[PDB]
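Chemist: Quick one: structure below, then a few questions.
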Amino acid sequence: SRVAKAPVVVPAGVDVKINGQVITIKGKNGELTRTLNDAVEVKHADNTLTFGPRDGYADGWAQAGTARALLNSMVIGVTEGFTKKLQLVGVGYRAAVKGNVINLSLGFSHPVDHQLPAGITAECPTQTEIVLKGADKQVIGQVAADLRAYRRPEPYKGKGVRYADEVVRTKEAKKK
Amino acid sequence: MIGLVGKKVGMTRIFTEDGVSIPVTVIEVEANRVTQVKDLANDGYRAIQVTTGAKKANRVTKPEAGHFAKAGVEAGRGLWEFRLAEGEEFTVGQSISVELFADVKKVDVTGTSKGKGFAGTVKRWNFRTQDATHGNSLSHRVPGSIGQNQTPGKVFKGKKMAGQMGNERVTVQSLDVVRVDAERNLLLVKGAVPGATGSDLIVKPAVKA
Amino acid sequence: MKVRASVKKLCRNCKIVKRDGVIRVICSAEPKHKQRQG
Amino acid sequence: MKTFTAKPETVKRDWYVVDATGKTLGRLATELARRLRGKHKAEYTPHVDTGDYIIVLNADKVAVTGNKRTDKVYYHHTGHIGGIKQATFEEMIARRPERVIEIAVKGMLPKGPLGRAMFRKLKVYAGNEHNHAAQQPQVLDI
RNA sequence: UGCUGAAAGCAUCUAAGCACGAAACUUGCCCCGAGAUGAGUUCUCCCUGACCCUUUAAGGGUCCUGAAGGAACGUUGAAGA
RNA sequence: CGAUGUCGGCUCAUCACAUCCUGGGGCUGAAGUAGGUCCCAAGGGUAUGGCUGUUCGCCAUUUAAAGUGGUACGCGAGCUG
RNA sequence: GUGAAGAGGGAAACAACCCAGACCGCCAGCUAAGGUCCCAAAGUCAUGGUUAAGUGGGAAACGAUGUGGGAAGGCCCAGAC
């Protein structure tokens with residue numbers, strides 16, 4: 001509605017291909033392709049991207065909004081890219097990158113080795129930071145959710161793999 | 001991989017050097033020789049049919065003799081079939097020896113067990129005997145009750161009752177192969193395998209991890 | 001969480017969401033306010 | 001005079017091939033059941049199999065509406081006691097989709113020796129080709 | 001439990017899309033199993049004669065042949081009422 | 001009512017889940033260990049004895065646990081009495 | 001009122017419910033209740049809505065930004081949410 005009505009301003013050097021419902025967007029950061037719902041009609045009109053509800057379908061407005069935001073993310077994903085930043089709070093928590101495998105030492109009796117998918121590149125400026133970068137937004141959201149999911153932030157102390165921006169609310173023990 | 005067809009020679013023991021007796025079963029595995037190879041393009045599945053031993057010339061029938069004659073092989077005492085494992089390749093008339101188990105470390109042995117005939121439910125299903133005294137009237141080894149009452153008013157399927165125990169295919173899994181002797185054509189596995197002495201076995205590599 | 005047949009907003013941060021045909025109360029302030037099945 | 005009765009020695013019956021891609025299961029099934037009874041022929045007779053041979057193909061591509069792709073459950077009991085065995089629609093399409101069309105049509109056909117003989121005339125395939133090119137099935141667009 | 005994400009310019013695990021997730025479920029393991037009348041497949045083996053009759057049919061009969069194989073019989077079995 | 005044998009024990013089960021154990025999980029007045037409570041889950045498992053005709057119960061000593069019910073308060077053309 | 005002492009059609013099956021009261025015959029028509037996609041006779045009829053829960057095709061207090069309609073009302077492009 002109010003989201004679908006605002007157009008996606010496509011910057012220079014970004015390639016947009018509308019093959020029916022399939023949308024391919026390729027810029028400086030990588031080819032990234034979706035297939036929208038059938039209730040979304042997308043029109044380029046030479047300057048921007050415009051999203052409207054395909055006629056005959058009930059919830060198409062709602063669908064259109066999603067398509068909007070998704071392609072907005074895709075435009076950032078071919079221009080600037082997305083970056084999640086995770087930090088590891090705990091005594092003896094280690095993070096390293098061999099190739100695209102994130103080795104993690106999280107107080108386990110076995111090493112943790114997370115295989116990143118194809119499009120995502122992680123770095124470690126410190127032993128207790130993982131700054132991972134990529135193009136698709138749900139994919140780095142996914143991967144940061146997995147790395148958090150190995151050791152989630154424990155509530156009493158804060159020990160775990162937290163996001164750099166997220167606040168972790170603590171509490172004391174029962175008595176004394 | 002594939003297996004080989006043996007013959008239960010009997011049991012012995014193998015004293016180790018540090019003095020631990022190992023109960024072994026001796027399985028003579030002669031030259032299993034391939035009589036047919038089966039491909040997807042003709043049968044829908046990849047498998048070899050082997051034979052072993054030797055049969056009398058007058059006792060093998062003309063169908064059977066024509067089969068072994070096509071294969072270019074001596075008639076054996078039977079035909080068995082092993083499913084192939086996607087990268088294996090055999091030719092017809094190729095002989096397979098116990099040497100195949102020179103790496104395998106643990107096998108599964110399949111035979112027909114010893115036929116115990118019509119067995120009652122105490123032997124067969126380990127039912128527990130009722131009182132041997134204290135009043136009991138002609139019902140010592142009998143099965144007890146066999147079902148409920150008006151609801152269901154039927155005995156359910158696969159109620160454990162008495163009947164033929166024994167004389168059926170059983171596979172013993174994960175037996176430690178103690179020796180492979182290519183000279184005498186022998187395979188010594190640790191433990192008991194199914195069957196009386198002289199019974200035909202089928203020794204495959206263990207599918208369990 | 002609390003499976004009840006009356007789910008309500010206990011706090012001002014509590015929030016009614018229907019997921020998979022199930023009414024739920026998702027709070028951010030207090031996780032004791034998490035509820036299901038209204 | 002007497003009402004005409006079809007004679008099963010002299011019933012002529014044709015071969016039809018039906019593509020089941022994207023058809024609704026019950027609506028296709030009901031049309032097939034009508035054609036296999038022989039209800040579409042004026043020589044219909046309730047104790048004579050007068051229907052046609054139908055070759056249904058692309059049985060794995062049949063469609064259902066709503067959440068019936070995952071909620072429609074096919075129960076059967078095995079005879080052994082706790083033998084109630086269920087399988088949803090997508091599990092059946094994965095394992096054997098022929099069973100989906102054949103269960104439907106079979107439940108729409110009269111139970112009895114005749115309706116078993118009527119179901120023997122339905123030939124379902126999960127693919128696009130059939131062995132029955134010798135019988136020359138003409139394309140029944142339904 | 002999430003990720004992206006609107007309807008609801010925020011928020012939101014769900015409406016479109018996507019990822020995890022248990023001894024339950026389908027397989028994997030063992031056994032039975034083509035009467036699976038939907039009675040399947042593969043390999044091999046055997047049989048390559050004449051002549052009548054009629055209400056001419058996948059009809060009946062006579063002579064000559066009797067295969068592959070099975071069954072019977074016997075000696076029997078760690079198979080078996 | 002021209003008969004449907006009725007407690008308890010034994011033998012033999014079988015289903016339900018409103019789960020005792022094992023398995024997954026949320027909240028905790030959850031530091032850990034051990035818990036409490038609630039959701040999911042029926043695969044498999046789920047005592048021996050003293051007393052008593054007893055089911056039950058109390059006690060002794062175990063156990064991962066000694067589940068709750070239906071099945072003519074399952075089971076006497078199966079046993080006991 | 002029906003059954004008893006009343007058949008027939010319907011309600012799956014169902015004395016007592018709905019329709020209807022069987023003298024006999026007919027391979028004739030029209031109807032009642034009830035129905036018309038297939039089992040199973042007859043609309044996969046026409047027009048306009050509603051629900052997506054297989055609701056329809058059990059079950060309440062109570063809970064809930066499910067969704068269609070109606071009448072008002074507060075604030076609002078001196079810019080509201």
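Order determines the names: the first chain of the structure tokens is A, the second B, and so forth; residues in each chain are numbered 1 upward, and ligands are numbered 1 upward as they are shown.
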I'd like the contact shell of residue 100 (chain D) - 9 Å cut-off, only C-alpha atoms (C1' of nucleotides), skipping same-chain residues fewer than 5 positions apart - returned as a PyMOL selection string.
Modeler: chain D and resi 25+59-60+62+89+92-93+105
Chemist: Distance cut-off 12 Å, counting only C-alpha atoms (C1' of nucleotides) - which residues of chain C neighbour chain F? Return them as JSON, numbers by chain.
Modeler: {"C": [1, 2, 3, 4, 30, 31, 32, 33, 34, 35, 36, 37]}
Chemist: Dump N, CA, C and O atoms for the selected residues as a PDB file, in the first residue's frame?
Modeler:
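As a result, result.pdb now contains:
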```pdb
ATOM      1  N   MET C   1       6.295 -20.652  27.461  1.00  0.00           N
ATOM      2  CA  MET C   1       5.130 -19.817  27.274  1.00  0.00           C
ATOM      3  C   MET C   1       3.862 -20.379  27.921  1.00  0.00           C
ATOM      4  O   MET C   1       3.911 -21.415  28.555  1.00  0.00           O
ATOM      5  N   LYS C   2       2.755 -19.639  27.807  1.00  0.00           N
ATOM      6  CA  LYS C   2       1.525 -19.924  28.472  1.00  0.00           C
ATOM      7  C   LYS C   2       0.494 -20.298  27.418  1.00  0.00           C
ATOM      8  O   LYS C   2       0.036 -19.401  26.696  1.00  0.00           O
ATOM      9  N   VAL C   3       0.098 -21.565  27.316  1.00  0.00           N
ATOM     10  CA  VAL C   3      -1.064 -21.914  26.449  1.00  0.00           C
ATOM     11  C   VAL C   3      -2.356 -21.753  27.252  1.00  0.00           C
ATOM     12  O   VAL C   3      -2.597 -22.397  28.280  1.00  0.00           O
ATOM     13  N   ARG C   4      -3.142 -20.768  26.874  1.00  0.00           N
ATOM     14  CA  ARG C   4      -4.346 -20.406  27.589  1.00  0.00           C
ATOM     15  C   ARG C   4      -5.452 -20.411  26.523  1.00  0.00           C
ATOM     16  O   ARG C   4      -5.166 -20.590  25.322  1.00  0.00           O
ATOM     17  N   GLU C  30       8.958  -8.444  28.462  1.00  0.00           N
ATOM     18  CA  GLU C  30       9.029  -9.581  29.344  1.00  0.00           C
ATOM     19  C   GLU C  30       8.713 -10.846  28.588  1.00  0.00           C
ATOM     20  O   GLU C  30       7.633 -10.951  28.094  1.00  0.00           O
ATOM     21  N   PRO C  31       9.640 -11.819  28.540  1.00  0.00           N
ATOM     22  CA  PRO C  31       9.290 -13.107  27.897  1.00  0.00           C
ATOM     23  C   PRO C  31       8.297 -13.990  28.679  1.00  0.00           C
ATOM     24  O   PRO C  31       7.860 -14.932  28.129  1.00  0.00           O
ATOM     25  N   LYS C  32       7.972 -13.697  29.919  1.00  0.00           N
ATOM     26  CA  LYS C  32       6.880 -14.368  30.603  1.00  0.00           C
ATOM     27  C   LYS C  32       5.526 -14.033  29.967  1.00  0.00           C
ATOM     28  O   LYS C  32       4.599 -14.812  30.122  1.00  0.00           O
ATOM     29  N   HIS C  33       5.401 -12.904  29.267  1.00  0.00           N
ATOM     30  CA  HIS C  33       4.179 -12.532  28.577  1.00  0.00           C
ATOM     31  C   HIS C  33       3.904 -13.248  27.240  1.00  0.00           C
ATOM     32  O   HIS C  33       2.935 -12.989  26.580  1.00  0.00           O
ATOM     33  N   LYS C  34       4.780 -14.132  26.835  1.00  0.00           N
ATOM     34  CA  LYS C  34       4.604 -14.915  25.628  1.00  0.00           C
ATOM     35  C   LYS C  34       3.509 -15.952  25.846  1.00  0.00           C
ATOM     36  O   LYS C  34       3.557 -16.699  26.799  1.00  0.00           O
ATOM     37  N   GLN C  35       2.517 -15.955  24.963  1.00  0.00           N
ATOM     38  CA  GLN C  35       1.265 -16.723  25.128  1.00  0.00           C
ATOM     39  C   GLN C  35       0.811 -17.335  23.841  1.00  0.00           C
ATOM     40  O   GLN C  35       1.369 -17.066  22.820  1.00  0.00           O
ATOM     41  N   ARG C  36      -0.095 -18.282  23.881  1.00  0.00           N
ATOM     42  CA  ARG C  36      -0.499 -19.014  22.669  1.00  0.00           C
ATOM     43  C   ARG C  36      -1.979 -19.449  22.834  1.00  0.00           C
ATOM     44  O   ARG C  36      -2.503 -19.589  23.934  1.00  0.00           O
ATOM     45  N   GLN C  37      -2.643 -19.609  21.713  1.00  0.00           N
ATOM     46  CA  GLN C  37      -3.885 -20.407  21.560  1.00  0.00           C
ATOM     47  C   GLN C  37      -5.065 -19.697  21.983  1.00  0.00           C
ATOM     48  O   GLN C  37      -5.986 -20.255  22.621  1.00  0.00           O
TER      49      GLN C  37
END
```
Chemist: Enumerate, in order of chain and increasing residue number, the residues of chain D with an atom no farther than 12 Å from chain B, each with its shortest atom pair and distance in Å to one decimal, counting only C-alpha atoms, as JSON lines.
Modeler:
```
{"residue": "D:78", "atom": "CA", "partner": "B:157", "partner_atom": "CA", "distance": 10.0}
{"residue": "D:79", "atom": "CA", "partner": "B:157", "partner_atom": "CA", "distance": 7.0}
{"residue": "D:80", "atom": "CA", "partner": "B:157", "partner_atom": "CA", "distance": 5.1}
{"residue": "D:81", "atom": "CA", "partner": "B:156", "partner_atom": "CA", "distance": 6.2}
{"residue": "D:82", "atom": "CA", "partner": "B:156", "partner_atom": "CA", "distance": 9.8}
{"residue": "D:83", "atom": "CA", "partner": "B:157", "partner_atom": "CA", "distance": 10.3}
```
Chemist: Would you mind reading off the distance between CA of residue 48 (chain B) and CA of residue 78 (chain B), one decimal, in Å?
Modeler: 13.6 Å
Chemist: I need the contact residues of chain F against chain A, so if you could list those with any atom within 10 Å, counting only C-alpha atoms (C1' of nucleotides), and return them as a PyMOL selection string, that would help.
Modeler: chain F and resi 29-31
Chemist: List the spatial neighbours of region 165-169 of chain B as a PDB file with C-alpha atoms (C1' of nucleotides), in the first residue's frame - criterion: any atom at most 10 Å away, only C-alpha atoms (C1' of nucleotides), same-chain residues fewer than 5 positions off excluded.
Modeler:
```
ATOM      1  CA  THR B 110      23.089 -65.744   6.024  1.00  0.00           C
ATOM      2  CA  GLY B 111      21.900 -69.294   6.214  1.00  0.00           C
ATOM      3  CA  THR B 112      18.917 -71.430   6.880  1.00  0.00           C
ATOM      4  CA  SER B 113      18.638 -72.250  10.534  1.00  0.00           C
ATOM      5  CA  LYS B 114      18.215 -75.694  12.021  1.00  0.00           C
ATOM      6  CA  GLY B 115      14.685 -76.948  11.762  1.00  0.00           C
ATOM      7  CA  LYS B 116      13.091 -77.639  15.031  1.00  0.00           C
ATOM      8  CA  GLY B 117       9.797 -78.833  13.619  1.00  0.00           C
ATOM      9  CA  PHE B 118       6.405 -78.088  15.135  1.00  0.00           C
ATOM     10  CA  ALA B 119       7.427 -76.197  18.288  1.00  0.00           C
ATOM     11  CA  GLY B 120       5.153 -75.219  21.171  1.00  0.00           C
ATOM     12  CA  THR B 121       4.995 -71.719  22.435  1.00  0.00           C
ATOM     13  CA  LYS B 123      10.156 -73.207  22.942  1.00  0.00           C
ATOM     14  CA  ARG B 124       9.038 -71.015  20.154  1.00  0.00           C
ATOM     15  CA  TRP B 125       8.012 -67.706  21.745  1.00  0.00           C
ATOM     16  CA  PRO B 194      23.055 -70.298  11.169  1.00  0.00           C
ATOM     17  CA  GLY B 195      22.685 -73.799  10.024  1.00  0.00           C
TER      18      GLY B 195
ATOM     19  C1'   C E  30      16.120 -58.465   9.236  1.00  0.00           C
ATOM     20  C1'   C E  31      12.229 -61.920   7.361  1.00  0.00           C
ATOM     21  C1'   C E  32       7.842 -63.330   4.291  1.00  0.00           C
ATOM     22  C1'   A E  79      13.926 -81.860   6.724  1.00  0.00           C
TER      23        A E  79
END
```
Chemist: For residue 81 (chain A), list every protein, DNA or RNA residue within 9 Å, evaluated using only C-alpha atoms (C1' of nucleotides), and leave out those in the same chain fewer than 3 positions away; present the list as a ChimeraX atom specification.
Modeler: /A:29,73-78,133-137
